[PDB]
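Chemist: To be precise about what I am sending: the file is called my_file_30.json and holds JSON, C-alpha atoms and all ligand atoms.
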```
[["chain", "number", "residue", "atom", "x", "y", "z"],
["A", 30, "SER", "CA", 96.55, 76.73, 100.93],
["A", 31, "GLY", "CA", 92.92, 77.85, 100.66],
["A", 32, "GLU", "CA", 91.99, 78.07, 104.37],
["A", 33, "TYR", "CA", 91.24, 81.55, 105.76],
["A", 34, "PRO", "CA", 94.67, 82.87, 106.78],
["A", 35, "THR", "CA", 95.31, 83.18, 110.50],
["A", 36, "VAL", "CA", 97.51, 85.41, 112.71],
["A", 37, "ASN", "CA", 100.29, 82.86, 113.13],
["A", 38, "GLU", "CA", 100.36, 82.26, 109.34],
["A", 39, "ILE", "CA", 101.02, 85.89, 108.25],
["A", 40, "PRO", "CA", 104.32, 87.56, 109.20],
["A", 41, "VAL", "CA", 103.93, 91.19, 109.98],
["A", 42, "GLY", "CA", 104.48, 93.05, 106.71],
["A", 43, "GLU", "CA", 102.94, 90.41, 104.40],
["A", 44, "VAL", "CA", 99.42, 90.56, 103.05],
["A", 45, "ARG", "CA", 97.13, 87.77, 101.89],
["A", 46, "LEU", "CA", 93.97, 87.97, 99.82],
["A", 47, "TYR", "CA", 91.03, 85.60, 100.18],
["A", 48, "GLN", "CA", 88.30, 85.28, 97.55],
["A", 49, "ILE", "CA", 84.88, 85.71, 99.20],
["A", 50, "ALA", "CA", 82.63, 85.79, 96.14],
["A", 51, "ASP", "CA", 82.81, 86.79, 92.52],
["A", 52, "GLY", "CA", 84.47, 90.19, 92.52],
["A", 53, "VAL", "CA", 84.87, 90.30, 96.31],
["A", 54, "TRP", "CA", 88.03, 89.58, 98.31],
["A", 55, "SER", "CA", 89.11, 90.13, 101.86],
["A", 56, "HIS", "CA", 92.63, 91.27, 102.64],
["A", 57, "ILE", "CA", 94.41, 90.01, 105.73],
["A", 58, "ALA", "CA", 97.50, 91.44, 107.37],
["A", 59, "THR", "CA", 99.09, 91.34, 110.80],
["A", 60, "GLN", "CA", 100.42, 94.08, 113.01],
["A", 61, "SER", "CA", 101.94, 94.58, 116.43],
["A", 62, "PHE", "CA", 100.22, 96.91, 118.92],
["A", 63, "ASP", "CA", 101.16, 97.35, 122.55],
["A", 64, "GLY", "CA", 103.41, 94.30, 122.35],
["A", 65, "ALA", "CA", 100.93, 91.82, 120.89],
["A", 66, "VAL", "CA", 100.30, 90.67, 117.32],
["A", 67, "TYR", "CA", 96.86, 90.82, 115.79],
["A", 68, "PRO", "CA", 95.37, 89.93, 112.40],
["A", 69, "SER", "CA", 93.01, 92.35, 110.67],
["A", 70, "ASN", "CA", 90.73, 92.23, 107.67],
["A", 71, "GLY", "CA", 89.70, 94.62, 104.94],
["A", 72, "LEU", "CA", 87.71, 94.26, 101.74],
["A", 73, "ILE", "CA", 88.31, 94.63, 97.98],
["A", 74, "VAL", "CA", 85.35, 94.94, 95.61],
["A", 75, "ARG", "CA", 85.62, 94.91, 91.84],
["A", 76, "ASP", "CA", 84.22, 98.12, 90.33],
["A", 77, "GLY", "CA", 84.21, 97.46, 86.56],
["A", 78, "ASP", "CA", 87.86, 97.57, 85.55],
["A", 79, "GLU", "CA", 88.85, 99.26, 88.79],
["A", 80, "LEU", "CA", 88.80, 98.23, 92.47],
["A", 81, "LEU", "CA", 87.25, 99.74, 95.58],
["A", 82, "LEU", "CA", 89.27, 99.15, 98.74],
["A", 83, "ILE", "CA", 87.69, 99.03, 102.19],
["A", 84, "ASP", "CA", 90.22, 99.76, 104.97],
["A", 85, "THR", "CA", 93.97, 99.84, 104.96],
["A", 86, "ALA", "CA", 96.13, 96.86, 105.92],
["A", 87, "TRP", "CA", 97.06, 98.47, 109.28],
["A", 88, "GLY", "CA", 100.20, 100.49, 108.64],
["A", 89, "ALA", "CA", 102.18, 102.08, 105.89],
["A", 90, "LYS", "CA", 104.39, 99.14, 105.02],
["A", 91, "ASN", "CA", 101.52, 96.67, 105.26],
["A", 92, "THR", "CA", 99.47, 98.90, 102.97],
["A", 93, "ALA", "CA", 102.28, 99.10, 100.38],
["A", 94, "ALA", "CA", 102.40, 95.31, 100.57],
["A", 95, "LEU", "CA", 98.63, 95.22, 100.07],
["A", 96, "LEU", "CA", 98.88, 97.24, 96.87],
["A", 97, "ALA", "CA", 101.64, 94.90, 95.62],
["A", 98, "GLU", "CA", 99.53, 91.85, 96.47],
["A", 99, "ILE", "CA", 96.56, 93.29, 94.65],
["A", 100, "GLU", "CA", 98.68, 93.91, 91.57],
["A", 101, "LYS", "CA", 100.01, 90.36, 91.71],
["A", 102, "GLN", "CA", 96.71, 88.58, 92.31],
["A", 103, "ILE", "CA", 94.10, 90.81, 90.65],
["A", 104, "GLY", "CA", 95.85, 93.24, 88.35],
["A", 105, "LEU", "CA", 93.27, 96.04, 88.40],
["A", 106, "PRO", "CA", 93.96, 99.47, 89.86],
["A", 107, "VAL", "CA", 92.66, 100.54, 93.24],
["A", 108, "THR", "CA", 91.05, 103.90, 92.56],
["A", 109, "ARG", "CA", 89.09, 104.62, 95.73],
["A", 110, "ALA", "CA", 89.26, 103.56, 99.36],
["A", 111, "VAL", "CA", 86.87, 103.92, 102.27],
["A", 112, "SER", "CA", 87.99, 103.68, 105.93],
["A", 113, "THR", "CA", 85.27, 102.36, 108.22],
["A", 114, "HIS", "CA", 86.48, 104.05, 111.45],
["A", 115, "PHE", "CA", 89.35, 106.17, 112.75],
["A", 116, "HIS", "CA", 91.65, 103.55, 114.29],
["A", 117, "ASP", "CA", 95.02, 102.66, 112.72],
["A", 118, "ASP", "CA", 93.84, 99.28, 111.47],
["A", 119, "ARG", "CA", 91.46, 101.24, 109.22],
["A", 120, "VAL", "CA", 93.34, 104.47, 108.32],
["A", 121, "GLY", "CA", 97.00, 103.59, 108.92],
["A", 122, "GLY", "CA", 98.28, 103.46, 105.37],
["A", 123, "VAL", "CA", 96.04, 106.18, 103.97],
["A", 124, "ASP", "CA", 99.13, 108.29, 103.21],
["A", 125, "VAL", "CA", 100.57, 105.41, 101.17],
["A", 126, "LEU", "CA", 97.25, 105.06, 99.33],
["A", 127, "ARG", "CA", 96.98, 108.76, 98.61],
["A", 128, "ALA", "CA", 100.54, 108.94, 97.29],
["A", 129, "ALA", "CA", 99.71, 105.99, 94.99],
["A", 130, "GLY", "CA", 96.89, 108.04, 93.54],
["A", 131, "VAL", "CA", 94.01, 106.35, 95.42],
["A", 132, "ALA", "CA", 91.21, 108.71, 96.41],
["A", 133, "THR", "CA", 90.56, 108.14, 100.12],
["A", 134, "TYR", "CA", 87.23, 108.63, 101.85],
["A", 135, "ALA", "CA", 85.71, 108.45, 105.33],
["A", 136, "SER", "CA", 82.81, 109.99, 107.19],
["A", 137, "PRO", "CA", 83.36, 113.47, 108.65],
["A", 138, "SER", "CA", 83.14, 111.84, 112.07],
["A", 139, "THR", "CA", 85.97, 109.44, 111.21],
["A", 140, "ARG", "CA", 88.07, 112.24, 109.74],
["A", 141, "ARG", "CA", 87.70, 114.41, 112.85],
["A", 142, "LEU", "CA", 88.49, 111.51, 115.21],
["A", 143, "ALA", "CA", 91.52, 110.49, 113.15],
["A", 144, "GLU", "CA", 92.81, 114.05, 113.14],
["A", 145, "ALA", "CA", 92.37, 114.38, 116.90],
["A", 146, "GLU", "CA", 94.07, 111.01, 117.52],
["A", 147, "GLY", "CA", 97.08, 111.78, 115.32],
["A", 148, "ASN", "CA", 96.16, 109.06, 112.82],
["A", 149, "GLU", "CA", 96.24, 109.42, 109.07],
["A", 150, "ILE", "CA", 93.29, 111.26, 107.63],
["A", 151, "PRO", "CA", 91.27, 110.20, 104.56],
["A", 152, "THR", "CA", 90.93, 113.05, 102.08],
["A", 153, "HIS", "CA", 87.23, 113.15, 101.24],
["A", 154, "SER", "CA", 84.22, 113.30, 103.51],
["A", 155, "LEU", "CA", 81.31, 110.89, 103.17],
["A", 156, "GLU", "CA", 78.17, 112.85, 103.96],
["A", 157, "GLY", "CA", 74.77, 111.28, 104.53],
["A", 158, "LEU", "CA", 75.96, 108.90, 107.28],
["A", 159, "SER", "CA", 75.62, 110.94, 110.45],
["A", 160, "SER", "CA", 72.40, 109.39, 111.84],
["A", 161, "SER", "CA", 72.05, 105.76, 112.85],
["A", 162, "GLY", "CA", 70.34, 103.80, 110.13],
["A", 163, "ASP", "CA", 71.70, 106.00, 107.35],
["A", 164, "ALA", "CA", 72.86, 104.39, 104.13],
["A", 165, "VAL", "CA", 74.56, 105.66, 101.00],
["A", 166, "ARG", "CA", 75.81, 104.07, 97.81],
["A", 167, "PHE", "CA", 79.52, 104.12, 96.97],
["A", 168, "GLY", "CA", 80.45, 102.31, 93.76],
["A", 169, "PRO", "CA", 79.48, 98.66, 94.05],
["A", 170, "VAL", "CA", 78.73, 98.82, 97.79],
["A", 171, "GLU", "CA", 76.32, 100.32, 100.26],
["A", 172, "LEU", "CA", 77.78, 102.08, 103.30],
["A", 173, "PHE", "CA", 75.65, 101.90, 106.45],
["A", 174, "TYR", "CA", 76.02, 103.71, 109.76],
["A", 175, "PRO", "CA", 74.45, 101.40, 112.40],
["A", 176, "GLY", "CA", 75.10, 103.61, 115.41],
["A", 177, "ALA", "CA", 77.84, 103.58, 118.00],
["A", 178, "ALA", "CA", 79.36, 100.17, 118.65],
["A", 179, "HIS", "CA", 83.10, 99.42, 118.56],
["A", 180, "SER", "CA", 83.50, 103.14, 117.95],
["A", 181, "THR", "CA", 81.08, 106.03, 117.57],
["A", 182, "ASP", "CA", 81.94, 106.38, 113.87],
["A", 183, "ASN", "CA", 82.02, 102.75, 112.74],
["A", 184, "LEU", "CA", 80.54, 102.02, 109.31],
["A", 185, "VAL", "CA", 79.54, 98.68, 107.82],
["A", 186, "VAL", "CA", 79.68, 97.81, 104.14],
["A", 187, "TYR", "CA", 77.33, 95.64, 102.10],
["A", 188, "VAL", "CA", 78.05, 94.24, 98.62],
["A", 189, "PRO", "CA", 74.54, 93.71, 97.20],
["A", 190, "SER", "CA", 75.63, 91.70, 94.16],
["A", 191, "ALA", "CA", 77.14, 89.05, 96.43],
["A", 192, "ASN", "CA", 75.17, 89.44, 99.71],
["A", 193, "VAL", "CA", 78.44, 90.07, 101.53],
["A", 194, "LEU", "CA", 78.28, 92.03, 104.77],
["A", 195, "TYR", "CA", 81.58, 93.49, 105.94],
["A", 196, "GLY", "CA", 80.99, 94.41, 109.53],
["A", 197, "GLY", "CA", 84.38, 95.85, 110.29],
["A", 198, "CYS", "CA", 85.25, 96.14, 113.94],
["A", 199, "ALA", "CA", 81.64, 96.40, 115.01],
["A", 200, "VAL", "CA", 81.43, 92.61, 114.29],
["A", 201, "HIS", "CA", 83.49, 89.89, 115.94],
["A", 202, "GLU", "CA", 84.43, 86.47, 114.75],
["A", 203, "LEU", "CA", 82.68, 83.42, 116.25],
["A", 204, "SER", "CA", 85.72, 82.18, 118.20],
["A", 205, "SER", "CA", 85.93, 85.58, 119.98],
["A", 206, "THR", "CA", 85.49, 85.42, 123.75],
["A", 207, "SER", "CA", 86.11, 89.10, 124.38],
["A", 208, "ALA", "CA", 84.94, 92.36, 122.92],
["A", 209, "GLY", "CA", 88.40, 93.21, 121.51],
["A", 210, "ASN", "CA", 89.71, 96.72, 121.92],
["A", 211, "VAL", "CA", 86.87, 98.58, 123.67],
["A", 212, "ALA", "CA", 88.73, 101.81, 124.47],
["A", 213, "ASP", "CA", 86.46, 103.86, 122.18],
["A", 214, "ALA", "CA", 83.40, 101.63, 122.26],
["A", 215, "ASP", "CA", 79.84, 102.24, 123.44],
["A", 216, "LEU", "CA", 78.99, 98.86, 125.05],
["A", 217, "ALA", "CA", 75.47, 100.02, 125.97],
["A", 218, "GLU", "CA", 74.60, 101.02, 122.40],
["A", 219, "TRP", "CA", 76.49, 98.24, 120.61],
["A", 220, "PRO", "CA", 73.73, 95.62, 120.81],
["A", 221, "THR", "CA", 71.19, 98.13, 119.46],
["A", 222, "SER", "CA", 73.55, 98.97, 116.62],
["A", 223, "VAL", "CA", 73.93, 95.26, 115.81],
["A", 224, "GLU", "CA", 70.14, 94.90, 115.81],
["A", 225, "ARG", "CA", 70.02, 97.66, 113.19],
["A", 226, "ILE", "CA", 72.50, 95.74, 111.04],
["A", 227, "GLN", "CA", 70.50, 92.53, 111.43],
["A", 228, "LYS", "CA", 67.28, 94.29, 110.42],
["A", 229, "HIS", "CA", 68.83, 96.07, 107.48],
["A", 230, "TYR", "CA", 70.71, 93.06, 105.96],
["A", 231, "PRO", "CA", 68.62, 89.96, 106.56],
["A", 232, "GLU", "CA", 69.81, 88.31, 103.31],
["A", 233, "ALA", "CA", 73.53, 88.54, 104.04],
["A", 234, "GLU", "CA", 75.22, 85.26, 103.17],
["A", 235, "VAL", "CA", 78.77, 86.01, 104.35],
["A", 236, "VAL", "CA", 79.64, 88.23, 107.29],
["A", 237, "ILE", "CA", 83.23, 89.41, 107.62],
["A", 238, "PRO", "CA", 84.49, 90.68, 111.01],
["A", 239, "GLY", "CA", 87.12, 93.37, 111.42],
["A", 240, "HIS", "CA", 89.48, 90.74, 112.81],
["A", 241, "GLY", "CA", 89.32, 86.96, 112.29],
["A", 242, "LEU", "CA", 87.35, 84.46, 110.32],
["A", 243, "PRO", "CA", 84.29, 85.18, 108.13],
["A", 244, "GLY", "CA", 81.10, 83.24, 108.74],
["A", 245, "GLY", "CA", 77.36, 83.71, 108.38],
["A", 246, "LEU", "CA", 74.73, 85.82, 110.09],
["A", 247, "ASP", "CA", 75.52, 84.15, 113.47],
["A", 248, "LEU", "CA", 78.45, 86.55, 113.86],
["A", 249, "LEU", "CA", 75.97, 89.38, 114.48],
["A", 250, "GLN", "CA", 74.18, 87.83, 117.44],
["A", 251, "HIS", "CA", 77.48, 86.44, 118.71],
["A", 252, "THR", "CA", 78.94, 89.94, 118.75],
["A", 253, "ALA", "CA", 75.99, 91.31, 120.70],
["A", 254, "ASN", "CA", 76.40, 88.47, 123.19],
["A", 255, "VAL", "CA", 80.12, 89.02, 123.71],
["A", 256, "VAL", "CA", 79.71, 92.71, 124.17],
["A", 257, "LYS", "CA", 76.83, 92.34, 126.68],
["A", 258, "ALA", "CA", 78.86, 89.81, 128.63],
["A", 259, "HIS", "CA", 81.90, 92.11, 128.68],
["A", 260, "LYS", "CA", 79.73, 94.98, 129.92],
["A", 261, "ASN", "CA", 78.14, 92.67, 132.56],
["B", 301, "LIG", "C1", 94.18, 93.71, 125.74],
["B", 301, "LIG", "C2", 93.57, 93.83, 124.36],
["B", 301, "LIG", "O1", 93.64, 94.86, 123.74],
["B", 301, "LIG", "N1", 93.04, 92.64, 123.74],
["B", 301, "LIG", "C3", 92.53, 92.74, 122.44],
["B", 301, "LIG", "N2", 92.04, 91.61, 121.89],
["B", 301, "LIG", "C4", 91.62, 91.84, 120.61],
["B", 301, "LIG", "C5", 91.02, 90.90, 119.75],
["B", 301, "LIG", "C6", 90.64, 91.29, 118.47],
["B", 301, "LIG", "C7", 90.79, 92.62, 118.07],
["B", 301, "LIG", "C8", 91.42, 93.55, 118.88],
["B", 301, "LIG", "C9", 91.61, 94.98, 118.40],
["B", 301, "LIG", "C10", 90.67, 95.82, 117.77],
["B", 301, "LIG", "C11", 89.24, 95.59, 117.53],
["B", 301, "LIG", "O2", 88.58, 94.99, 118.45],
["B", 301, "LIG", "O3", 88.69, 96.12, 116.52],
["B", 301, "LIG", "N3", 91.26, 96.97, 117.48],
["B", 301, "LIG", "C12", 92.57, 96.96, 117.86],
["B", 301, "LIG", "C13", 93.52, 97.99, 117.83],
["B", 301, "LIG", "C14", 93.20, 99.35, 117.21],
["B", 301, "LIG", "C15", 92.83, 100.39, 118.23],
["B", 301, "LIG", "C16", 94.34, 99.81, 116.23],
["B", 301, "LIG", "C17", 94.76, 97.69, 118.37],
["B", 301, "LIG", "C18", 95.05, 96.41, 118.90],
["B", 301, "LIG", "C19", 94.11, 95.41, 118.93],
["B", 301, "LIG", "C20", 92.82, 95.73, 118.47],
["B", 301, "LIG", "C21", 91.81, 93.19, 120.16],
["B", 301, "LIG", "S1", 92.47, 94.11, 121.45],
["B", 302, "ZN", "ZN", 88.87, 100.02, 116.01],
["B", 303, "ZN", "ZN", 89.60, 96.78, 114.77]]
```
Could you render the structure as structure tokens?
Modeler:
Amino acid sequence: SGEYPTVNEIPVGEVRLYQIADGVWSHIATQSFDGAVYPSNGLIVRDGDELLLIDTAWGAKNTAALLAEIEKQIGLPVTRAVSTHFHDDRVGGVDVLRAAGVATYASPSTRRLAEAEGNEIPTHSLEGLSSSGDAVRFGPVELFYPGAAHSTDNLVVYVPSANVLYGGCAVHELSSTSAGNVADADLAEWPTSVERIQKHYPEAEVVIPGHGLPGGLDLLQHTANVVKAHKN
């Protein structure tokens, strides 16, 4: 009923949308992994009379439900999608997207890691993102590679028209007391990567984590703190 939707409020297989700003929504879904249930976020950005999707809804059936929710709530076609790293909460569902006619994109690093992992593989490579601090435009957003953090390939997304920073899994929510799934993370580089984000997007008004509740710029420093404390 208007609050940001939480893990216990979303059955696995359902998807919710949350309006962030004019023309900007997050999508929220839940999935089971290794016997626990987690929420995860993605982004939707209006692109004229089309939509740009950032990240799948973590699985094929969730992603079909995402497309149905978008049609219900927004009614514009998703024409392109970007996955912000290689894990299943970002690329699981790419096959559903592709079969629905959505053009799917990721960095070459993400595509290689997804392939090697046995995850679904976005179709098109996003060049110009291989060095930390790189940025490229993609429709109504900027894609930024901050350096290794949650994963070596993680990208962040900025919506300049709305000052919305989507951190993906490189950014944690404020209630987080752990660094999440660190299997593929670089804990030593993560704080430096966050500092690059902070320097590059000082006017961000909303920061959206990969999992959990949006907030303001404090999520960035909070993430650096949680990661340093995990590493310690
Ligand atoms: C023992 C343990 O794993 N605890 C965890 N707590 C959290 C809290 C928030 C997020 C996560 C979390 C993240 C993330 O951090 O991006 N990715 C996850 C994936 C992908 C690899 C598909 C699977 C399962 C979960 C996550 C976790 S994992
Ligand atoms: Zn991940
Ligand atoms: Zn994640």
Chemist: Using only C-alpha atoms, which residue out of A:92, A:210, A:148, A:69 lies closest to residue A:57?
Modeler: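 Comparing A:92, A:210, A:148, A:69 against residue A:57, the winner is A:69.
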Chemist: Just want the residues within 7 Å of ligand LIG 301 (chain B), written as a list in words, counting only C-alpha atoms and all ligand atoms.
Modeler: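 Residues lying within 7 Å of ligand LIG 301 (chain B): residues 62, 67, 116, 117, 118, 179, 198, 207, 208, 209, 210, 211, 239 and 240 of chain A.
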Chemist: Do you have the atom CA of residue A:136-atom CA of residue A:102 distance handy?
Modeler: 29.5 Å
Chemist: Between A:32, A:100, A:43, A:215, which one has atoms that come closest to residue A:260, using all atoms listed in the file?
Modeler: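 Nearest candidate to residue A:260 out of A:32, A:100, A:43, A:215: A:215.
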Chemist: Looking at only C-alpha atoms, which of A:79, A:171, A:163, A:51 is the one that sits closest to residue A:187?
Modeler: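 Of A:79, A:171, A:163, A:51, the one nearest residue A:187 is A:171, counting only C-alpha atoms.
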Chemist: Looking at A:125, A:36, A:46, A:212, which one is nearest to residue A:98, with distances taken over all atoms listed in the file?
Modeler: A:46
Chemist: Emit as lines of an AutoDock Vina configuration file the padded axis-aligned box for all listed atoms of stretch 143-159 of chain A, 4 Å per side, with centre and edge lengths in Å to one decimal.
Modeler:
```
center_x = 85.9
center_y = 111.6
center_z = 109.4
size_x = 30.3
size_y = 13.5
size_z = 24.3
```
Chemist: Choose the residue, out of A:214, A:177, A:131, A:105, that has the smallest atom-to-atom separation from ligand ZN 303 (chain B); count only C-alpha atoms and all ligand atoms.
Modeler: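 Between A:214, A:177, A:131, A:105, the residue approaching ligand ZN 303 (chain B) most closely is A:214.
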Chemist: Would you be able to write out as a ChimeraX atom specification which residues have an atom within 7 Å of (77.0, 90.8, 103.6) in the file's coordinates, counting only C-alpha atoms?
Modeler: /A:187-188,192-195,233-236
Chemist: Report the distance between atom CA of residue A:151 and atom CA of residue A:130 in Å, rounded to one decimal place.
Modeler: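 Rounded to one decimal, the two atoms are 12.6 Å apart.
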Chemist: Given only C-alpha atoms and all ligand atoms as the basis, pick out the residue of A:74, A:226, A:103, A:200 nearest to ligand ZN 303 (chain B).
Modeler: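 Closest candidate: A:200.
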Chemist: For a test of reading the model, state the distance in Å between atom CA of residue A:78 and atom CA of residue A:112, rounded to one decimal.
Modeler: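 Going from atom CA of residue A:78 over to atom CA of residue A:112, I get 21.3 Å.
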Chemist: Which residues, written as a ChimeraX atom specification, have at least one atom at most 12 Å from residue A:141, with only C-alpha atoms counted and residues fewer than 3 positions away on the same chain left out?
Modeler: /A:114-116,135-138,144-154,181-182
Chemist: Once you count only C-alpha atoms, which residues end up no further than 12 Å from (78.3, 91.7, 124.1) in the file's frame, shown as an NGL selection string?
Modeler: :A and (178-179 or 199-201 or 205-209 or 211 or 214-223 or 248-261)
